[PDB]
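> Input file: input34.txt. Contents: compact mmCIF, C-alpha atoms.
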# COMPACT_ATOMS: atom_id res chain seq x y z
CA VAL A 399 23.61 20.18 -11.51
CA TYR A 400 20.31 18.50 -12.43
CA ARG A 401 19.49 21.22 -15.07
CA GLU A 402 22.83 20.89 -16.94
CA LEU A 403 22.73 17.04 -16.99
CA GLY A 404 19.16 17.27 -18.34
CA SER A 405 20.29 19.52 -21.23
CA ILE A 406 23.07 17.05 -22.21
CA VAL A 407 20.65 14.06 -22.22
CA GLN A 408 18.08 16.06 -24.23
CA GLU A 409 20.75 16.93 -26.91
CA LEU A 410 22.08 13.32 -27.05
CA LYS A 411 18.49 11.97 -27.34
CA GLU A 412 17.46 14.43 -30.11
CA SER A 413 20.68 13.51 -32.00
CA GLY A 414 19.94 9.77 -31.48
CA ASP A 415 16.31 10.07 -32.70
CA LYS A 416 17.35 12.10 -35.83
CA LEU A 417 20.06 9.45 -36.59
CA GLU A 418 17.47 6.61 -36.40
CA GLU A 419 15.04 8.51 -38.70
CA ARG A 420 17.89 9.08 -41.24
CA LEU A 421 19.04 5.42 -41.07
CA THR A 422 15.44 4.26 -41.72
CA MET A 423 15.23 6.66 -44.72
CA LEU A 424 18.65 5.56 -46.15
CA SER A 425 17.46 1.90 -45.84
CA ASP A 426 14.46 2.40 -48.20
CA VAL A 427 14.66 -0.28 -50.94
CA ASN A 428 13.61 2.34 -53.57
CA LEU A 429 16.85 4.34 -52.92
CA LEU A 430 19.17 1.28 -53.13
CA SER A 431 21.26 1.02 -56.31
CA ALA A 432 21.36 -2.82 -56.07
CA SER A 433 17.57 -3.16 -56.64
CA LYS A 434 17.37 -5.97 -59.22
CA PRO A 435 14.83 -4.94 -61.91
CA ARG A 436 11.39 -6.41 -61.19
CA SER A 437 10.55 -9.34 -63.53
CA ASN A 438 6.91 -8.15 -63.68
CA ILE A 439 6.06 -4.79 -65.28
CA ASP A 440 4.80 -2.32 -62.62
CA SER A 441 1.10 -1.32 -63.06
CA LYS A 442 2.31 2.33 -63.02
CA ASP A 443 4.50 1.63 -66.13
CA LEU A 444 1.84 2.75 -68.63
CA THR A 445 4.35 2.92 -71.56
CA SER A 446 5.55 -0.70 -71.08
CA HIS A 447 1.89 -1.82 -70.74
CA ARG A 448 0.92 0.08 -73.96
CA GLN B 411 6.29 53.13 41.16
CA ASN B 412 9.76 52.14 39.79
CA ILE B 413 9.43 48.78 41.67
CA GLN B 414 6.06 48.14 39.89
CA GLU B 415 7.45 49.08 36.41
CA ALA B 416 10.47 46.78 36.99
CA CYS B 417 8.07 43.86 37.85
CA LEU B 418 6.24 44.45 34.50
CA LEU B 419 9.64 44.49 32.69
CA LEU B 420 10.62 41.17 34.40
CA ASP B 421 7.34 39.60 33.13
CA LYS B 422 7.90 40.85 29.53
CA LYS B 423 11.49 39.46 29.53
CA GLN B 424 10.18 36.12 30.94
CA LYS B 425 7.63 35.83 28.06
CA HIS B 426 10.45 36.51 25.56
CA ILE B 427 12.69 33.77 27.10
CA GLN B 428 9.75 31.31 26.61
CA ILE B 429 9.38 32.39 22.92
CA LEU B 430 13.16 31.96 22.30
CA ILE B 431 13.27 28.46 23.96
CA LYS B 432 10.31 27.36 21.75
CA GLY B 433 11.90 28.97 18.63
CA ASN B 434 15.28 27.20 19.17
CA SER B 435 13.53 23.79 19.64
CA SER B 436 11.67 24.38 16.33
CA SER B 437 14.91 25.44 14.53
CA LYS B 438 16.72 22.25 15.75
CA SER B 439 13.82 20.19 14.28
CA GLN B 440 13.96 22.11 10.95
CA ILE B 441 17.75 21.56 10.51
CA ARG B 442 17.12 17.76 10.88
CA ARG B 443 14.38 17.89 8.16
CA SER B 444 16.58 19.95 5.78
CA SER B 445 19.39 17.33 6.06
CA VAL B 446 16.96 14.50 5.10
CA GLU B 447 15.45 16.58 2.23
CA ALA B 448 18.91 17.22 0.67
CA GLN B 449 19.91 13.49 0.89
CA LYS B 450 16.54 12.43 -0.59
CA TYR B 451 16.94 14.88 -3.54
CA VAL B 452 20.42 13.39 -4.30
CA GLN B 453 19.05 9.78 -4.19
CA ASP B 454 15.82 10.38 -6.18
CA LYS B 455 16.98 13.02 -8.78
CA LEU B 456 20.81 13.06 -9.29
CA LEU B 457 22.02 9.42 -8.91
CA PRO B 458 19.88 8.04 -11.88
CA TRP B 459 21.45 10.32 -14.62
CA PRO B 460 24.64 8.24 -15.43
CA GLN B 461 22.57 5.29 -16.76
CA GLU B 462 20.54 7.51 -19.18
Written as structure tokens, that's how I'd like the structure from this file.

Amino acid sequence: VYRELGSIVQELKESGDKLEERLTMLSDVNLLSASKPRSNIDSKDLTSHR
Amino acid sequence: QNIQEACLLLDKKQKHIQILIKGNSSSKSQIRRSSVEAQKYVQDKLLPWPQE
């Protein structure tokens, strides 16, 4: 009984941890379509600087 | 000679009765421990799982 209940909690926990890692990824500001353009030119934007 | 051999048999059987009495007292004590061990396993290991 203990061994089967332990498998179910392990599977639920691994699924929970993978969900939280995906939600943190999908919340990255760089991936969001609604990112207002920066007013300042990025230092990596060599063409706009030139 | 048969009377002497029968006395030695009586003594061997008497030693075995003493071993059996001591063995049954030990077994009664072991059944009581096994009952407490099973209850303690249920309390410490099984009952916590629903909250997780």
> Distance limit 12 Å, atoms considered: all atoms listed in the file. Which chain B residues sit that close to chain A? Return them as a PyMOL selection string.
chain B and resi 451-452+454-462
> For atom CA of residue B:453 and atom CA of residue A:413, quote the distance in Å rounded to one decimal.
28.1 Å
> I'd like the interatomic distance between atom CA of residue B:448 and atom CA of residue B:429, to a tenth of an Å.
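Value for the atom CA of residue B:448-atom CA of residue B:429 distance: 28.6 Å.
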> Can you work out the spacing between atom CA of residue A:437 and atom CA of residue A:424 in Å, to one decimal?
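The value is 24.3 Å.
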